[PDB]
Amino acid sequence: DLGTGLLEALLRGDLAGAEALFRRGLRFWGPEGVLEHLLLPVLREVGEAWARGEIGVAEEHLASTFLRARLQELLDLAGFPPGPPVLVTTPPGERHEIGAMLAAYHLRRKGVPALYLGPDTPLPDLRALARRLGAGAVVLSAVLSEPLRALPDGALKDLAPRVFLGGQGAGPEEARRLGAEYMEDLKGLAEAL
Amino acid sequence: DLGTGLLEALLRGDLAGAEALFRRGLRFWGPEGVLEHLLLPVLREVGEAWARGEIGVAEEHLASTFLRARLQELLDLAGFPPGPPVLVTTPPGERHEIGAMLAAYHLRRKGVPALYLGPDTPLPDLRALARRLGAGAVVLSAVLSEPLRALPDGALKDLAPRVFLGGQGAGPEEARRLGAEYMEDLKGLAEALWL
Amino acid sequence: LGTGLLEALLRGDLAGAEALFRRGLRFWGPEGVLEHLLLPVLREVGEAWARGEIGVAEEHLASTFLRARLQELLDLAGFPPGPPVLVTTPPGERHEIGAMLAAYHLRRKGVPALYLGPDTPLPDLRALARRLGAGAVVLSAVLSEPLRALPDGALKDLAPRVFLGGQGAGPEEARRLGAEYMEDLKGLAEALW
Amino acid sequence: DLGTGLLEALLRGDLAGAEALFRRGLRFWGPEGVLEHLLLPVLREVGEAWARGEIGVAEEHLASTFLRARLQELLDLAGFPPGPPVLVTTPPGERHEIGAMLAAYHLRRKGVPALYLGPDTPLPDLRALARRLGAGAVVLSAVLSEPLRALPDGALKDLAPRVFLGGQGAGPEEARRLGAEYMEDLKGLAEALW
Ligand code: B12
Ligand code: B12
Ligand code: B12
Ligand code: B12
């Protein structure tokens, strides 16, 4: 019920209602749970409604901007330990950022200093920041497959000592082609580190 | 002065330090003060450092993502009062969003329910949402001039009962060509709407 | 917010109190709301009690409310793997918010602080530390009397590191009891790292 | 069995695992059900393990602090309706608080503004807060019998127009002596108020 209620509140511009329903989900499912059982299903349904032609981009934007804000709050409430950061972003041309934010969140919740950069970072710039910050790892979220298919073989090799790639747009073959370690589960990311 | 310290902390990935310095600014200068004297100058300097080749886009992204989060907090503090919403966004092709967020903040501070959509909204979709929600106005932030130049004469005219345009990419002539009311100053935005 | 929050609590307006606390959180940040809102309100409640302006029930109400808010923040910090740091108060010490604050500051810096609750008998504390391979024990003393009740060296070897702080603690008493004295919550994470 | 798994996770200081298992119980049984099928059995078992010398007080504390946090989430989810509050606490000397929290939860679920004070409230102070808030009722949870035995005849009378007493430490005779209405069932609490 909270998912439908939340989507409906957003689609009618009822931010207060949407906030109350999100907080309810947080209290019931917990931090990781609200993301899996509320934030993610609502975003999926928004995307499907858009793809079906039922809503425009403005409705989609409204819901995503709201949910991004909520996730950013949770991100900031997680610990940020000292020590070599893990840089988190998306490939050049990838502007879906919530998957990356989720990765940063799960890492921080497990005591890893994940620096979320925002999406869509050119690889030379990403490499330079990693080298300058002594980053132990880089993590990339790919929602679309096209930004990965545009990259040359081995492009993600050595962005940092460890490079992880995951998301709906990514598969093990593409990761291998690009020279990244493929990760299927957000919970396996912390383990790998 | 906090600006230098804040930028330095960000560029070395010291989020906690950056947050402490921003909070210090908030406690000393207040919300409006910290926006004018800390958030805006740091963003301008990051842009200039990028343009001069001193930092890459990753550093720029980091600072902007951090400052967006801080402004989002302020936006939520300003509240979302009842009444017909004002939709706030940027023109198609404009992905700089902090100006729009600032406009939403200033409106909310004056009791106007500014719904920030995110950036880069197609005009017919924006118009449809305004109609469906009974929005009293639309506000657009233009940082680049090119997204405005791409638009046909009068394109902004009827997005909602009132349409406001401002930002670095906007000027009075272009606003007039596009049929929007041109606004220089964020704080007079709520006044313009009331009047 | 401090006055508004105390006034809301004293009228039994929990919803209003929650709204005002959330405002403080958004403005000051997590550590800031503790320093600028939670701590001043608790000190003022204590002073009002001591002056006979309110009774213990009003004090209970405010502390139970603020404990719940701190517990939320604690749960949102996330819990990293690795040897825990056990956090509690000395036997006879029932003021627990100082201990919760210590656990919070540790978790915010990526230290797995296990908050046990207050008032833990020392043999039981030592046994759990041993059994979990805890790297440290942290004690918050608000009153001085629970420390005075302990024999010389009583806190020695609870764990490889034992830290004592709070209003009821001073360096001489820490030395008598065989604990390391800590003045600042911010120095605690440093000492461990 | 989620109960065994949850207790084991707690006893080894695996908070993340404990939280996951509790959330699983919540998703499966729902709020009332997780209390009956998971929270309460685990607390009872912790007490028995302590009494048998298998665990110390630190393990017991850890489990109850965790489960108190979960119940606090449920209390806040139940919401806090407007109107004259019902104050909920425990007798002076009674430091077991989860029974009181449960009473507050069941009341809130039925639309009663149950204000949970925390445990162990001196009676003059409790009376004064009831007076100051215009409370319609006071509810006390007694786990131990000794805190009640220590109280004078009629000590609970007129804390508010309705005063309820229940829990393992309470019986109808002691309630009568103290001037409280005795309640056996948490679900009967809201009924009794009407
Ligand atoms: C919101 C949204 C947008 C927003 C994003 C705003 C923002 N700042 O993030 C905007 C407006 C920018 C947008 C634009 C477009 N997008 Co879009 N949109 C979405 C939507 C509705 C939600 C996105 C989201 O946050 N979802 C949550 C995602 C990230 O979760 P998830 O992928 O299920 O993630 C899980 C796993 O992948 C894993 N994971 C993710 N990252 C990582 C990383 C690691 C290391 C690991 C281990 C795991 C992991 O974590 C999650 C597990 O719970 C989706 C719908 C959907 N996703 O089903 C589309 C969707 C992805 N978008 C789509 C499209 C087509 C577009 C556009 C092409 C449309 C257009 N031409 O304008 C553009 C492309 C822009 C670009 N260059 O990227 C399509 C893509 C379909 C396809 N055929 O591939 C989708 C699926 C919608 C649809 N049903 O068609 N979009
Ligand atoms: C962060 C940033 C980005 C981020 C944006 C991230 C996000 N927002 O989500 C990213 C990396 C995506 C980015 C990309 C690019 N950007 Co950029 N970057 C910036 C930077 C540093 C941000 C500034 C900011 O957010 N400030 C807040 C804005 C609004 O500041 P402001 O315009 O001074 O705002 C004042 C007024 O305009 C007014 N205002 C603003 N909006 C409104 C609305 C109303 C109604 C009113 C009354 C007032 C008002 O209020 C403010 C205070 O007085 C700026 C530097 C700068 N000086 O702005 C550039 C800058 C704007 N970017 C620039 C460029 C060139 C680009 C790119 C083309 C770079 C590239 N080759 O990829 C792309 C284009 C993306 C697009 N739009 O299509 C240039 C533009 C220069 C120009 N050509 O005019 C700048 C100025 C950097 C520079 N000095 O060279 N950018
Ligand atoms: C709430 C409260 C209670 C509640 C606590 C409920 C709970 N926590 O579960 C209850 C009702 C139980 C209570 C009871 C009593 N308390 Co009382 N009460 C308080 C009150 C109002 C707030 C306590 C609190 O959370 N403070 C927040 C604390 C932690 O803040 P702080 O001490 O300034 O802590 C800072 C530093 O110490 C540091 N820190 C803390 N711990 C640690 C640990 C480390 C390692 C480090 C580095 C730093 C650190 O962090 C904080 C911020 O910097 C205070 C008022 C006050 N001034 O504190 C009294 C107060 C502590 N109580 C007091 C008294 C006298 C009592 C009782 C004896 C009275 C009574 N009989 O009712 C009992 C004793 C119970 C017992 N312990 O055995 C007095 C103590 C005065 C004295 N002589 O020392 C106080 C000061 C009130 C007063 N003005 O008289 N109390
Ligand atoms: C956690 C706990 C503690 C914690 C409590 C922390 C806290 N903040 O709550 C701590 C460590 C502080 C503690 C201390 C002690 N406790 Co203890 N501990 C427990 C334990 C394991 C769980 C308590 C709990 O939350 N129970 C959940 C409750 C609510 O379940 P329940 O009581 O069956 O309640 C049901 C009904 O009574 C009803 N109900 C409850 N309240 C109300 C009110 C109304 C109006 C209604 C209608 C119904 C109702 O609803 C509940 C669900 O059906 C129990 C084990 C147990 N079986 O209860 C003991 C237990 C209660 N403790 C016990 C003892 C002995 C102690 C100590 C004396 C030990 C000591 N030597 O120091 C002290 C006394 C402290 C004090 N002065 O109050 C004994 C009491 C035995 C007895 N009476 O003879 C128990 C039974 C353990 C055992 N021996 O097996 N304890």
# chains A, B, ... in the order shown; residues from 1 in each chain; ligands from 1
call {"tool": "interface_residues", "arguments": {"of": "chain D", "to": "chain C", "cutoff": "6 Å", "atoms": "only C-alpha atoms", "output": "PyMOL selection string"}}
result
chain D and resi 56-58+61-62+65+117-118+125-126
call {"tool": "interface_residues", "arguments": {"of": "chain D", "to": "chain A", "cutoff": "8 Å", "atoms": "only C-alpha atoms", "output": "JSON, numbers by chain"}}
result
{"D": [23, 26, 27, 73, 74, 77]}
call {"tool": "residues_around", "arguments": {"residues": "region 112-129 of chain B", "least_positions_apart": "5", "cutoff": "9 Å", "atoms": "only C-alpha atoms", "output": "number ranges by chain"}}
result
A: 13, 15, 55-66; B: 79-97, 100-101, 103-107, 134-135, 138-139, 141, 155-156, 158-160, 190
call {"tool": "residues_near_ligand", "arguments": {"ligand": "ligand 4", "cutoff": "8 Å", "atoms": "only C-alpha atoms and all ligand atoms", "output": "JSON, numbers by chain"}}
result
{"C": [117, 119, 120], "D": [36, 40, 43, 44, 45, 46, 47, 48, 49, 50, 51, 57, 58, 60, 61, 63, 64, 65, 68, 93, 94, 95, 96, 97, 98, 99, 100, 102, 103, 119, 139, 140, 141, 142, 143, 144, 145, 146, 147, 164, 165, 166, 167, 168, 169, 182, 183, 184, 185, 186, 187, 188, 189]}
call {"tool": "residues_near_ligand", "arguments": {"ligand": "ligand 2", "cutoff": "8 Å", "atoms": "only C-alpha atoms and all ligand atoms", "output": "VMD selection string"}}
result
chain B and resid 36 40 43 to 51 57 60 to 61 63 to 65 68 93 to 100 102 to 103 119 139 to 145 164 to 169 182 to 189
call {"tool": "write_last_selection", "arguments": {"atoms": "C-alpha atoms", "output": "mmCIF file, in the first residue's frame"}}
result
data_model
loop_
_atom_site.group_PDB
_atom_site.id
_atom_site.type_symbol
_atom_site.label_atom_id
_atom_site.label_comp_id
_atom_site.auth_asym_id
_atom_site.auth_seq_id
_atom_site.Cartn_x
_atom_site.Cartn_y
_atom_site.Cartn_z
ATOM 1 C CA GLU B 36 25.237 34.252 -0.758
ATOM 2 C CA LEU B 40 27.468 30.600 -4.436
ATOM 3 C CA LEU B 43 30.425 26.994 -6.937
ATOM 4 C CA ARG B 44 31.613 29.941 -9.041
ATOM 5 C CA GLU B 45 35.236 29.236 -8.081
ATOM 6 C CA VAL B 46 34.902 25.525 -8.873
ATOM 7 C CA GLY B 47 33.590 26.455 -12.338
ATOM 8 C CA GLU B 48 36.486 28.864 -12.924
ATOM 9 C CA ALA B 49 39.056 26.333 -11.668
ATOM 10 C CA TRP B 50 37.576 23.770 -14.068
ATOM 11 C CA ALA B 51 37.629 26.268 -16.961
ATOM 12 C CA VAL B 57 34.990 17.311 -13.730
ATOM 13 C CA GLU B 60 33.529 19.790 -9.814
ATOM 14 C CA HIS B 61 30.870 17.061 -9.509
ATOM 15 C CA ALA B 63 31.551 19.949 -4.824
ATOM 16 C CA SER B 64 28.240 20.452 -6.669
ATOM 17 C CA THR B 65 26.734 17.205 -5.310
ATOM 18 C CA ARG B 68 23.121 20.456 -3.757
ATOM 19 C CA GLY B 93 18.997 21.075 -22.536
ATOM 20 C CA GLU B 94 19.853 22.905 -19.287
ATOM 21 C CA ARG B 95 21.378 20.520 -16.720
ATOM 22 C CA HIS B 96 22.685 23.124 -14.206
ATOM 23 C CA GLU B 97 20.070 22.791 -11.450
ATOM 24 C CA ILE B 98 21.273 24.769 -8.411
ATOM 25 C CA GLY B 99 19.869 28.091 -9.689
ATOM 26 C CA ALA B 100 16.446 26.461 -9.975
ATOM 27 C CA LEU B 102 17.678 28.461 -5.177
ATOM 28 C CA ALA B 103 14.563 29.922 -6.799
ATOM 29 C CA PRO B 119 16.279 20.176 -14.394
ATOM 30 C CA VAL B 139 9.793 29.415 -12.866
ATOM 31 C CA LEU B 140 12.789 28.615 -15.061
ATOM 32 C CA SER B 141 16.507 28.964 -14.326
ATOM 33 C CA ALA B 142 18.751 29.406 -17.366
ATOM 34 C CA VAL B 143 22.494 29.161 -16.721
ATOM 35 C CA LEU B 144 23.521 28.626 -20.370
ATOM 36 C CA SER B 145 22.112 30.904 -23.071
ATOM 37 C CA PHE B 164 9.234 33.690 -14.792
ATOM 38 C CA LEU B 165 12.693 33.348 -16.293
ATOM 39 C CA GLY B 166 16.058 34.258 -14.830
ATOM 40 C CA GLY B 167 19.661 33.138 -14.399
ATOM 41 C CA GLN B 168 23.015 33.947 -16.026
ATOM 42 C CA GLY B 169 21.904 32.610 -19.423
ATOM 43 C CA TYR B 182 12.310 38.396 -16.659
ATOM 44 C CA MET B 183 13.560 38.382 -13.057
ATOM 45 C CA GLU B 184 17.021 39.487 -11.911
ATOM 46 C CA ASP B 185 16.739 38.849 -8.182
ATOM 47 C CA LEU B 186 15.655 35.684 -6.388
ATOM 48 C CA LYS B 187 14.284 37.530 -3.330
ATOM 49 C CA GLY B 188 11.803 39.610 -5.358
ATOM 50 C CA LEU B 189 10.451 36.460 -7.081
#
call {"tool": "interface_residues", "arguments": {"of": "chain C", "to": "chain B", "cutoff": "8 Å", "atoms": "only C-alpha atoms", "output": "ChimeraX atom specification"}}
result
/C:23,26-29,32
call {"tool": "write_last_selection", "arguments": {"atoms": "N, CA, C and O atoms", "output": "compact mmCIF listing (two decimals), in the first residue's frame"}}
result
# COMPACT_ATOMS: atom_id res chain seq x y z
N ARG C 23 13.66 19.67 12.28
CA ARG C 23 14.15 20.95 11.80
C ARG C 23 15.59 21.17 12.27
O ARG C 23 16.44 21.62 11.50
N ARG C 26 17.99 19.04 10.27
CA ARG C 26 18.23 19.50 8.91
C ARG C 26 19.13 20.72 8.90
O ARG C 26 19.95 20.86 8.00
N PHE C 27 19.01 21.57 9.93
CA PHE C 27 19.75 22.83 9.98
C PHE C 27 21.17 22.62 10.51
O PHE C 27 22.11 23.08 9.86
N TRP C 28 21.31 21.99 11.68
CA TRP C 28 22.63 21.78 12.34
C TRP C 28 23.36 20.52 11.87
O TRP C 28 24.54 20.42 12.17
N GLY C 29 22.66 19.57 11.27
CA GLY C 29 23.27 18.30 10.95
C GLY C 29 23.18 17.36 12.15
O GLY C 29 22.68 17.74 13.20
N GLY C 32 25.51 18.27 15.12
CA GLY C 32 25.09 19.59 15.51
C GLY C 32 23.78 19.61 16.28
O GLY C 32 23.64 20.37 17.24
call {"tool": "atom_distance", "arguments": {"atom1": "CA of residue 122 (chain A)", "atom2": "CA of residue 41 (chain B)"}}
result
24.7 Å
call {"tool": "residues_near_ligand", "arguments": {"ligand": "ligand 3", "cutoff": "7 Å", "atoms": "only C-alpha atoms and all ligand atoms", "output": "ChimeraX atom specification"}}
result
/C:35,39,42-43,45-47,49-50,56,59-60,63-64,92-99,101-102,138-144,163-168,182-185,187-188
call {"tool": "residues_around", "arguments": {"residues": "residue 132 (chain A)", "least_positions_apart": "5", "cutoff": "12 Å", "atoms": "only C-alpha atoms", "output": "list in words"}}
result
residues 84, 85, 87, 125, 126, 127, 159 and 160 of chain A; 11, 12, 13, 55, 56, 58 and 59 of chain B
call {"tool": "write_last_selection", "arguments": {"atoms": "C-alpha atoms", "output": "CSV table (one decimal), in the first residue's frame"}}
result
chain,number,residue,atom,x,y,z
A,84,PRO,CA,41.3,5.8,1.5
A,85,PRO,CA,38.0,6.7,-0.3
A,87,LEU,CA,34.9,6.8,-5.6
A,125,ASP,CA,38.9,13.0,-14.7
A,126,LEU,CA,37.8,10.1,-12.6
A,127,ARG,CA,41.3,8.5,-12.8
A,159,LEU,CA,40.8,3.7,-12.9
A,160,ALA,CA,41.9,2.5,-9.4
B,11,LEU,CA,38.9,18.6,-2.9
B,12,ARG,CA,40.7,16.2,-0.5
B,13,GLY,CA,37.5,14.1,0.1
B,55,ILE,CA,40.6,20.6,-11.5
B,56,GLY,CA,38.7,17.9,-13.5
B,58,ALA,CA,35.1,14.7,-10.9
B,59,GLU,CA,36.2,17.5,-8.4
call {"tool": "residues_around", "arguments": {"residues": "residue 138 (chain D)", "least_positions_apart": "2", "cutoff": "12 Å", "atoms": "only C-alpha atoms", "output": "PDB file with C-alpha atoms, in the first residue's frame"}}
result
ATOM      1  CA  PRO D  84      -6.107  14.107  26.301  1.00  0.00           C
ATOM      2  CA  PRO D  85      -3.199  11.659  26.756  1.00  0.00           C
ATOM      3  CA  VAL D  86      -3.066   8.398  28.633  1.00  0.00           C
ATOM      4  CA  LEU D  87       0.201   8.286  30.570  1.00  0.00           C
ATOM      5  CA  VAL D  88       2.012   4.938  30.499  1.00  0.00           C
ATOM      6  CA  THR D  89       4.895   3.963  32.809  1.00  0.00           C
ATOM      7  CA  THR D  90       5.915   1.472  35.509  1.00  0.00           C
ATOM      8  CA  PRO D  91       5.778   1.707  39.361  1.00  0.00           C
ATOM      9  CA  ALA D 100       4.680  -0.570  29.430  1.00  0.00           C
ATOM     10  CA  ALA D 103       0.626  -1.233  26.488  1.00  0.00           C
ATOM     11  CA  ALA D 104       1.256   2.150  24.888  1.00  0.00           C
ATOM     12  CA  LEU D 107      -3.516   1.753  22.903  1.00  0.00           C
ATOM     13  CA  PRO D 113      -2.948   8.909  22.667  1.00  0.00           C
ATOM     14  CA  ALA D 114      -0.766   6.803  24.929  1.00  0.00           C
ATOM     15  CA  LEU D 115       2.198   8.921  26.091  1.00  0.00           C
ATOM     16  CA  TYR D 116       4.984   6.536  27.131  1.00  0.00           C
ATOM     17  CA  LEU D 117       7.066   8.235  29.866  1.00  0.00           C
ATOM     18  CA  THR D 121       8.135   7.198  37.829  1.00  0.00           C
ATOM     19  CA  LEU D 123       3.935   8.654  42.136  1.00  0.00           C
ATOM     20  CA  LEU D 126       3.290  11.044  37.927  1.00  0.00           C
ATOM     21  CA  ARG D 127       0.207  12.580  39.544  1.00  0.00           C
ATOM     22  CA  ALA D 128       1.481  16.089  38.793  1.00  0.00           C
ATOM     23  CA  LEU D 129       2.117  15.338  35.097  1.00  0.00           C
ATOM     24  CA  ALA D 130      -1.317  13.703  34.747  1.00  0.00           C
ATOM     25  CA  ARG D 131      -2.829  16.847  36.285  1.00  0.00           C
ATOM     26  CA  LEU D 133      -1.626  17.366  30.854  1.00  0.00           C
ATOM     27  CA  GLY D 134      -5.268  16.742  31.836  1.00  0.00           C
ATOM     28  CA  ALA D 135      -4.647  13.008  31.326  1.00  0.00           C
ATOM     29  CA  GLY D 136      -7.800  10.870  31.194  1.00  0.00           C
ATOM     30  CA  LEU D 140       1.138   0.928  34.831  1.00  0.00           C
ATOM     31  CA  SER D 141       3.012  -2.226  33.863  1.00  0.00           C
ATOM     32  CA  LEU D 156      -2.491   4.614  42.726  1.00  0.00           C
ATOM     33  CA  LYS D 157      -5.948   6.070  43.393  1.00  0.00           C
ATOM     34  CA  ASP D 158      -6.790   9.283  41.560  1.00  0.00           C
ATOM     35  CA  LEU D 159      -3.536   9.467  39.538  1.00  0.00           C
ATOM     36  CA  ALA D 160      -6.199  10.099  36.903  1.00  0.00           C
ATOM     37  CA  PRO D 161      -9.973   9.361  36.664  1.00  0.00           C
ATOM     38  CA  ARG D 162      -8.993   5.911  35.334  1.00  0.00           C
ATOM     39  CA  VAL D 163      -5.942   4.003  36.540  1.00  0.00           C
ATOM     40  CA  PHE D 164      -5.036   0.600  35.109  1.00  0.00           C
ATOM     41  CA  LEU D 165      -2.521  -1.904  36.406  1.00  0.00           C
ATOM     42  CA  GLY D 166      -1.356  -5.100  34.741  1.00  0.00           C
ATOM     43  CA  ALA D 180      -6.246   0.616  40.421  1.00  0.00           C
ATOM     44  CA  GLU D 181      -8.355  -1.342  37.937  1.00  0.00           C
ATOM     45  CA  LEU D 189      -7.160  -1.916  27.625  1.00  0.00           C
ATOM     46  CA  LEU D 193     -11.451   3.031  28.167  1.00  0.00           C
TER      47      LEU D 193
END
call {"tool": "residues_near_ligand", "arguments": {"ligand": "ligand 1", "cutoff": "7 Å", "atoms": "only C-alpha atoms and all ligand atoms", "output": "count of residues only"}}
result
42
call {"tool": "select_by_dssp", "arguments": {"residues": "region 14-192 of chain C", "states": "strand (DSSP E)", "output": "NGL selection string"}}
result
:C and (85-88 or 113-115 or 136-140 or 161-165 or 180-181)
call {"tool": "closest_residue", "arguments": {"among": "B:109, B:176, B:37, B:131", "to": "chain A", "atoms": "only C-alpha atoms"}}
result
B:131
call {"tool": "interface_residues", "arguments": {"of": "chain A", "to": "chain C", "cutoff": "12 Å", "atoms": "only C-alpha atoms", "output": "VMD selection string"}}
result
chain A and resid 20 23 26 to 27 30 to 32 71 73 to 83 105 to 114 190 to 191 193
call {"tool": "atom_distance", "arguments": {"atom1": "CA of residue 62 (chain B)", "atom2": "CA of residue 163 (chain A)"}}
result
18.9 Å
call {"tool": "select_by_dssp", "arguments": {"residues": "region 5-194 of chain D", "states": "helix (DSSP H, G or I)", "output": "compact mmCIF listing (two decimals) with C-alpha atoms, in the first residue's frame"}}
result
# COMPACT_ATOMS: atom_id res chain seq x y z
CA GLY D 5 18.40 -16.98 14.55
CA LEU D 6 17.61 -13.54 15.98
CA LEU D 7 18.79 -14.43 19.49
CA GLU D 8 21.98 -16.00 18.08
CA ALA D 9 22.73 -12.90 15.99
CA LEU D 10 22.25 -10.66 19.03
CA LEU D 11 24.40 -12.85 21.30
CA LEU D 15 23.34 -6.13 14.75
CA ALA D 16 22.94 -6.05 10.95
CA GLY D 17 21.93 -9.71 10.89
CA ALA D 18 19.61 -9.19 13.86
CA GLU D 19 17.97 -6.25 12.14
CA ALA D 20 17.53 -8.26 8.91
CA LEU D 21 15.90 -11.13 10.82
CA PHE D 22 13.61 -8.79 12.74
CA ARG D 23 12.58 -7.06 9.47
CA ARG D 24 11.85 -10.48 7.95
CA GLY D 25 9.55 -11.25 10.89
CA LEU D 26 7.85 -7.86 10.49
CA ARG D 27 7.27 -8.47 6.76
CA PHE D 28 5.89 -11.98 7.39
CA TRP D 29 3.80 -11.59 10.60
CA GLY D 30 3.07 -7.86 10.49
CA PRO D 31 3.44 -5.48 13.50
CA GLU D 32 1.18 -7.27 16.02
CA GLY D 33 2.37 -10.66 14.88
CA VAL D 34 6.10 -9.92 15.09
CA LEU D 35 5.59 -8.87 18.72
CA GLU D 36 3.76 -12.09 19.57
CA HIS D 37 5.85 -14.48 17.48
CA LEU D 38 9.34 -12.93 17.68
CA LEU D 39 9.90 -10.04 20.10
CA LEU D 40 8.18 -11.55 23.15
CA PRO D 41 9.53 -15.15 22.76
CA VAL D 42 13.09 -13.88 22.33
CA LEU D 43 12.84 -11.71 25.48
CA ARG D 44 11.41 -14.60 27.50
CA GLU D 45 14.18 -16.91 26.30
CA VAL D 46 16.89 -14.35 27.12
CA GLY D 47 15.51 -14.18 30.67
CA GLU D 48 15.54 -17.99 30.97
CA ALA D 49 19.07 -18.25 29.58
CA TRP D 50 20.16 -15.63 32.12
CA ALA D 51 18.37 -17.44 34.97
CA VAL D 57 23.52 -9.39 32.02
CA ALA D 58 25.45 -7.78 29.14
CA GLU D 59 23.88 -10.19 26.63
CA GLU D 60 20.46 -9.64 28.19
CA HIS D 61 20.91 -5.85 27.94
CA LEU D 62 22.03 -6.03 24.37
CA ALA D 63 18.93 -8.00 23.35
CA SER D 64 16.49 -5.80 25.26
CA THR D 65 18.10 -2.55 24.02
CA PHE D 66 17.77 -3.86 20.44
CA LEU D 67 14.15 -4.98 20.93
CA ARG D 68 13.23 -1.72 22.70
CA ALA D 69 14.47 0.16 19.63
CA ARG D 70 12.28 -2.01 17.37
CA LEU D 71 9.24 -1.50 19.61
CA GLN D 72 9.90 2.26 19.64
CA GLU D 73 9.69 2.23 15.80
CA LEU D 74 6.35 0.40 16.11
CA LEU D 75 5.11 2.96 18.72
CA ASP D 76 5.95 5.85 16.32
CA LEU D 77 4.33 3.96 13.35
CA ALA D 78 1.14 3.50 15.44
CA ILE D 98 8.91 -3.25 27.51
CA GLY D 99 5.55 -4.26 29.03
CA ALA D 100 4.68 -0.57 29.43
CA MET D 101 5.83 0.15 25.86
CA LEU D 102 3.61 -2.70 24.65
CA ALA D 103 0.63 -1.23 26.49
CA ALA D 104 1.26 2.15 24.89
CA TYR D 105 1.54 0.46 21.46
CA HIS D 106 -1.77 -1.43 21.76
CA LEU D 107 -3.52 1.75 22.90
CA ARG D 108 -2.10 3.80 20.01
CA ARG D 109 -3.13 1.10 17.53
CA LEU D 123 3.94 8.65 42.14
CA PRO D 124 3.70 12.37 43.21
CA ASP D 125 5.56 13.33 40.01
CA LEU D 126 3.29 11.04 37.93
CA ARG D 127 0.21 12.58 39.54
CA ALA D 128 1.48 16.09 38.79
CA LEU D 129 2.12 15.34 35.10
CA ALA D 130 -1.32 13.70 34.75
CA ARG D 131 -2.83 16.85 36.29
CA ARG D 132 -0.76 19.18 34.11
CA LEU D 133 -1.63 17.37 30.85
CA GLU D 146 8.02 -6.27 44.87
CA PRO D 147 7.60 -2.64 43.62
CA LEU D 148 3.82 -2.93 44.16
CA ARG D 149 4.19 -4.48 47.61
CA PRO D 172 -6.48 -8.30 41.16
CA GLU D 173 -6.03 -8.22 44.97
CA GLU D 174 -2.99 -5.95 44.79
CA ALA D 175 -4.72 -3.70 42.24
CA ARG D 176 -7.69 -3.41 44.63
CA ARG D 177 -5.38 -2.61 47.57
CA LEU D 178 -3.66 0.12 45.53
CA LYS D 187 -6.22 -5.73 23.91
CA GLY D 188 -8.80 -5.24 26.69
CA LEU D 189 -7.16 -1.92 27.62
CA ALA D 190 -8.69 0.14 24.82
CA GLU D 191 -12.05 -1.58 25.40
CA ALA D 192 -11.97 -0.64 29.10
CA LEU D 193 -11.45 3.03 28.17
